[PDB]
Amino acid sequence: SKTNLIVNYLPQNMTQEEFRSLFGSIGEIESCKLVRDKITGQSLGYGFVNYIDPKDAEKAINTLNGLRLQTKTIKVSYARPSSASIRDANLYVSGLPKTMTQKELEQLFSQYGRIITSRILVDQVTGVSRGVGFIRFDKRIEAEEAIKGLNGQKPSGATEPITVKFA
């Protein structure tokens, strides 16, 4: 992209100043905002940082992505243009082979469009896949095509069919 970044998985405790302070260390910022609920005013867990120099936006991703703050591992990536087309493109998937890895889940779903995030939920005990997860596409239309194409289908080698629906 260029100069605008979206930072996800920010801890609920991180303030607007600590946010600007953390990213301001990379280089000059034209603007940045820790997004908060319109009514409660509480952090929504993500924010945006727009640098003056695109080289610093690149440095921010290279140096800050994966930084562990409190219980989170933040993600820093390029913010795609604010368009209604990228909204509601999150899918909840279930019935996946428990042997399936995130790499395979994304290869399966990538046929339908650019994947923003993907995750396989694991048992909060032994760490065994639950065969359930999420896939967030770039465009809502791509998620629509993935539902039509994969909902109720059996992914190569799978003995059981998977379920795909909007989160």
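Sequential numbering from 1, following the sequence displayed.
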* Asked: Taking only the CA atoms, which stretch has the higher mean B-factor in the record, 124-132 or 22-30?
  -> 124-132
* Averaged over C-alpha atoms, is the B-factor higher for 115-123 or for 37-45 in this PDB entry? -> 115-123
* Structure fact -> Among 102, 50, 110, 65, the highest C-alpha B-factor in the PDB entry belongs to 102
* Structure fact -> Assert third(CA B-factor, residue 5) within chain per record equals lowest
